[PDB]
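Here's the structure we're looking at; comments come further down.
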Amino acid sequence: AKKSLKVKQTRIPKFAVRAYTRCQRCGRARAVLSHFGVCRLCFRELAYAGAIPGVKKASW
Amino acid sequence: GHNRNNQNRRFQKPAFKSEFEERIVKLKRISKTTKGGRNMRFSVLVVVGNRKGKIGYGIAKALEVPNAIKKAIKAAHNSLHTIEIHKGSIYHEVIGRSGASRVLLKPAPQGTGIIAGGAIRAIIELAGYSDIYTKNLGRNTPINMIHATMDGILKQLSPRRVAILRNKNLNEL
Amino acid sequence: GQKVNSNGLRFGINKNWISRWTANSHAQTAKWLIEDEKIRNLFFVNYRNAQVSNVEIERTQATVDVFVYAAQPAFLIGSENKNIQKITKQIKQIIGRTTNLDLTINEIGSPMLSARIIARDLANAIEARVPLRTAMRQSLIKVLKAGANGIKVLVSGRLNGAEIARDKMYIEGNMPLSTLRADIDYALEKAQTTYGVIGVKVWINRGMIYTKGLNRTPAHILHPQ
RNA sequence: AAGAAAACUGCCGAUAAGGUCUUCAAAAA
RNA sequence: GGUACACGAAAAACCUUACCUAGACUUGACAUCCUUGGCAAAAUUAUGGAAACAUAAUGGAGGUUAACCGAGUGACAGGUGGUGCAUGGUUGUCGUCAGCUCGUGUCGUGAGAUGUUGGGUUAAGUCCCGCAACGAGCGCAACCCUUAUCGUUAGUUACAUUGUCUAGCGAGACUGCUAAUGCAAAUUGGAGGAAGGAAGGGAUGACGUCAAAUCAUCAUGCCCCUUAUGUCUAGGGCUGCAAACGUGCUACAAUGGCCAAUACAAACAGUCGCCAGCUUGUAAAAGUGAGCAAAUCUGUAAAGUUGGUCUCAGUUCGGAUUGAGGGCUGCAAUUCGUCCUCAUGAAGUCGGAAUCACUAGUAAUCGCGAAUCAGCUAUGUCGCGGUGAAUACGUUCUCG
Ligand SMILES: [Mg+2]
Ligand SMILES: [Mg+2]
Ligand SMILES: [Mg+2]
Ligand SMILES: [Mg+2]
Ligand SMILES: [Mg+2]
Ligand SMILES: [Mg+2]
Ligand SMILES: [Mg+2]
Ligand SMILES: [Mg+2]
Ligand SMILES: [Mg+2]
Ligand SMILES: [Mg+2]
Ligand SMILES: [Mg+2]
Ligand SMILES: [Mg+2]
Ligand SMILES: [Mg+2]
Ligand SMILES: [Mg+2]
Ligand SMILES: [Mg+2]
Ligand SMILES: [Mg+2]
Ligand SMILES: [Mg+2]
Ligand SMILES: [Mg+2]
Ligand SMILES: [Mg+2]
Ligand SMILES: [Mg+2]
Ligand SMILES: [Mg+2]
Ligand SMILES: [Mg+2]
Ligand SMILES: [Mg+2]
Ligand SMILES: [Zn+2]
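Chains as they are written, first to last, in the UniProt record's numbering: chain Y, 2 to 61; chain L, 47 to 219; chain S, 2 to 226.
Encoded structure:
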């Protein structure tokens with residue numbers, strides 16, 4: 002039961018507090034980056050391929 | 047373009063491609079032990095012979111069969127000994143010794159064929175010899191059989207050289 | 002042990018980003034980010050007989066630009082420019098009609114030294130039941146003769162339909178992976194076999210690029226002689 | 001100048017069964 | 001076990017949710033392919049409703065079907081269902097340890113040896129010598145980022161006690177010079193220098209081991225369900241409780257508690273937000289309300305300094321537990337949100353056998369910010385600065 006949860010999340014609920022944010026590529030619910038709308042483990046593939054502009058490795 | 051091409055499928059399986067004349071005589075699977083795991087390498091025993099009087103043997107080890115194959119290939123190419131035949135057979139009865147391996151070779155009349163089996167049969171075919179009586183009186187390790195067989199054939203004395211030295215007449219009594 | 006992704010380790014130092022855009026807000030930063038993945042994945046999965054090596058996407062507030070390099074653009078182009086219009090309609094539906102699309106199919110130079118089509122060609126051989134040793138050796142020898150540095154191919158999976166998974170590597174030359182100045186191109190593919198999934202990994206070394214710039218110039222894209 | 005220099009001892013037992021893993025060189029336009 | 005236990009989970013009231021109880025559905029809430037039309041789905045108002053859902057309404061953007069709205073329709077969709085001992089991918093561990101191999105050659109009947117082991121030097125299989133070995137690849141090192149001095153460009157939203165500061169480029173440190181001893185690498189000392197002999201930190205982690213972890217991110221072979229292991233909704237559950245362990249917070253106190261005044265940061269973040277100021281309120285907060293899309297406006301720095309008080313007590317320590325009244329978020333706070341005020345005041349006075357971390361701006365400690373987030377006893381996690389130590393004689397023992 003993932004796709005239906007994804008579809009239900011896309012559909013608007015009847016209460017505002019009923020709305021949660023899921024990853025947009027896959028369907029992972031937890032550990033979703035609101036800054037990108039992408040979960041933590043999809044961010045690796047996008048960051049490691051150059052799809053996301055400006056995302057370089059950090060050295061501090 | 048018009049490369050024609052009709053019926054059939056792809057490259058099927060033609061192959062030919064050879065020279066001199068050879069044949070795999072054994073493919074063992076040796077292995078050592080390291081700090082975790084087992085390094086496994088294939089060992090091949092190739093016998094190379096032109097079937098006219100030139101024959102050599104080559105044993106090689108490599109991580110993969112193709113590699114070890116061509117290694118033993120070149121190996122035999124390097125170490126090739128020269129063989130002389132009399133009427134297609136071996137001149138005098140001989141016992142080849144190598145370690146605990148003893149191979150008996152005996153002259154045969156023209157027609158019997160190669161009565162050999164195993165490493166000796168490969169050697170006799172690869173050397174050129176036809177009629178030959180053999181019996182393996184010892185171990186069944188292919189490398190030692192090849193060693194014993196080649197030792198027996200290389201110590202052979204020609205009917206000519208003997209009398210020459212011996213100060214006799216060619217082959218005359 | 003585990004190694005850092007070779008392409009991802011060299012980003013922001015010698016290699017530019019495949020998508021270069023600045024969004025308005027964090028809501029438009031997600032849409033413009035998922036849509037390009039769909040577009041890129043579309044291009045790569047289907048329309049594969051063309052050997053598309055890499056597709057970059059360029060977007061402004063409202064203008065989308067696509068730069069597609071391929072080895073055989075005839076399949077994209079089609080019969081008297083047919084498939085091209087067809088593929089255009091797919092892209093417009095994905096992003097939206099309200100924008101302007103500007104496809105720019107560019108022919109590629111030096112097709113060999115690109116880890117995408119090489120990995121794709123390796124992966125294709127495995128679905129066709131071609132023996133793995135022969136397939137890998139033949140692709141490497143043509144690649145090595147083409148005039149590049151060492152190539153490392155790792156093909157892990159249920160090799161040859163086996164029930165116990167293995168892995169075979171084949172290095173041929175100096176491939177300094179820990180070095181940042183090297184021009185190493187990396188790509189990964191999933192060979193879908195009747196007995197499961199095969200992972201093929203290809204590292205290719207295309208010389209030394211002392212350039213401190215991020216791409217800013219065709220890499221293997223350049224057409225030499 | 002011919003030196004040497006010296007061991008020293010507490011205690012310290014065991015680890016259920018059967019088990020992968022090398023497929024192959026025929027060789028390749 | 002190390003390599004699980006503030007782990008997946010960077011936010012369980014509803015949602016999440018995969019679980020239970022119920023009320024409902026069947027080419028299905030989502031998808032394609034096909035014959036076929038589009039002259040809708042929404043949203044919202046009614047009635048019945050726990051809500052799913054039904055019966056009635058405005059019949060709806062548009063664009064003539066583009067997308068979708070459907071009918072007909074069987075292939076099918078679907079599974080967080082099983083198998084991480086079928087896998088791909090990703091990762092832990094030895095370990096950032098210094099290793100792991102190959103080509104040619106030589107020796108050995110052979111597994112195999114050689115190089116890779118000897119002597120010096122390192123953090124290093126780092127380098128130099130020797131050497132039946134000669135070379136090569138991966139690892140090591142450097143190239144990358146940052147901090148430490150300076151030059152140059154620029155001067156607003158920084159500075160404006162005039163050259164800080166910010167960020168572009170560059171210079172600078174190279175065992176470069178010298179002394180000692182070594183064949184040579186190289187070691188030590190000295191000089192100058194902001195920086196001296198990997199100047200500090202980070203990214204970078206070889207072949208492989210543990211059938212190590214994940215089919216619950218995703219993908220996937222195979223097996224299993226198909227008016228049900230699929231789907232929608234309401235309520236419960238993930239928050240239990242005789243117990244045990246792990247990781248943290250608070251303490252047992254005058255190196256302190258309470259009150260008043262007051263000085264000095266860096267980094268980050270911000271328009272459903274940061275919220276200045278003002279008014280009300282014992283307070284959480286409410287109202288008004290500018291300013292800031294940001295070097296401009298906002299997010300009170302605390303330890304620290306001074307003064308007063310407490311006088312060693314289960315206390316002006318310690319805050320648990322319990323009762324009541326308030327404030328905020330949210331349909332909704334009982335199961336199960338947190339904050340404030342009042343009331344109470346458990347244990348605990350340094351903790352047995354045994355154990356953990358740490359070699360400088362480090363340990364200890366004091367605040368600040370960000371992520372997920374409507375809100376959240378996150379005391380968690382990731383970061384930033386203030387103060388700021390002690391010790392290393394040595395490898396006999398101990399672990400690797
Ligand atoms: Mg799924
Ligand atoms: Mg929520
Ligand atoms: Mg060990
Ligand atoms: Mg005793
Ligand atoms: Mg017993
Ligand atoms: Mg584990
Ligand atoms: Mg729930
Ligand atoms: Mg209409
Ligand atoms: Mg019509
Ligand atoms: Mg496993
Ligand atoms: Mg060694
Ligand atoms: Mg030696
Ligand atoms: Mg040596
Ligand atoms: Mg390094
Ligand atoms: Mg297991
Ligand atoms: Mg499944
Ligand atoms: Mg519910
Ligand atoms: Mg829990
Ligand atoms: Mg100002
Ligand atoms: Mg104030
Ligand atoms: Mg108190
Ligand atoms: Mg409550
Ligand atoms: Mg240390
Ligand atoms: Zn995701």
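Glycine included, every Cβ here is placed at the ideal spot set by N, Cα and C.
Kindly indicate which three-state DSSP category residue i falls into: helix, strand or coil?
i	result
Y:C43	helix
L:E139	coil
Y:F37	coil
S:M209	strand
L:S147	strand
S:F76	helix
S:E38	helix
S:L141	helix
S:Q86	helix
S:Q3	coil
S:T218	coil
S:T99	coil
S:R60	strand
residue 245 of chain S	Since the displayed chain S opens at 2 and closes at 226, residue 245 of chain S lies outside it and no answer follows.
S:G162	helix
Using 7 Å as the cut-off, classify the Cβ of residue i as near or not near the heavy atoms of ligand 1, replying yes or no.
i	result
Y:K9	no
L:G83	no
Y:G28	yes
Y:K3	yes
Can you name, in chain order, every residue of its own chain whose Cβ lies under 6 Å from the Cβ of residue i, other than the five neighbours on each side?
i	result
S:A147	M113
L:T195	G142, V149, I166, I169
Y:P14	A20
Only counting the same chain, and skipping five residues up and downstream in sequence, which positions put a Cβ closer than 8 Å to that of residue i?
i	result
residue 62 of chain Y	The shown model of chain Y, from 2 to 61, leaves out residue 62 of chain Y, and the question about it has no answer.
S:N175	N150, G151, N206
L:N217	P205, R206, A209
Y:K4	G28
L:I76	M86, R87, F88, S89, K107
Among the residues of its own chain, which have a CB less than 7 Å from the CB of residue i, if the five just before and after it don't count?
i	result
S:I210	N15, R182, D184
residue 22 of chain L	One cannot answer for residue 22 of chain L here, as it falls past the ends of chain L, which runs 47 to 219.
S:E173	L141, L145, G151, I152
Considering Cα atoms alone, identify which of the options is closest to residue i.
i	options	result
L:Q58	S:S26, S:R60, S:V131, S:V198	S:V131
L:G159	L:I136, L:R69, L:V140	L:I136
L:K152	L:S176, L:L172, L:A146, L:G145	L:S176
L:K98	L:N213, L:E67, L:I105, L:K78	L:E67
S:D66	S:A166, S:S54, S:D37	S:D37
Y:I53	Y:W61, Y:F44, Y:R29	Y:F44
L:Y103	L:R69, L:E110, L:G134, L:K81	L:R69
S:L104	S:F76, S:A120, S:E59	S:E59
L:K72	L:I115, L:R56, L:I101	L:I115
L:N186	L:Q202, L:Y179, L:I199, L:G163	L:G163
Y:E46	S:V53, S:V5, S:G162	S:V5
L:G134	L:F62, L:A154, L:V93	L:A154
S:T195	S:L160, S:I78, S:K39	S:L160
S:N17	Y:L34, Y:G55, Y:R31, Y:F16	Y:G55
Is there at least one non-hydrogen atom of ligand 24 closer than 7 Å to the beta-carbon of residue i?
i	result
Y:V56	no
Within 7 Å: the Cβ of residue i and any heavy atom of ligand 14?
i	result
L:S125	no
task = Please specify which runs of the beta strand (DSSP E), each continuous and at least 3 residues long, are wholly inside the UniProt domain "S5 DRBM" (66 to 129) of chain L, giving them in chain order.
result = DSSP runs (the beta strand (DSSP E)) wholly in the UniProt domain "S5 DRBM" (66 to 129) of chain L: 70 to 79, 84 to 95, 100 to 108, 126 to 128.
task = At 4 residues or longer, and completely inside the stretch 151 to 208 of chain L: list those alpha helix (DSSP H) runs for me, N to C.
result = Inside the stretch 151 to 208 of chain L, DSSP marks whole alpha helix (DSSP H) runs of 4 or more residues at positions 165 to 173, 188 to 200, from first to last along the chain.
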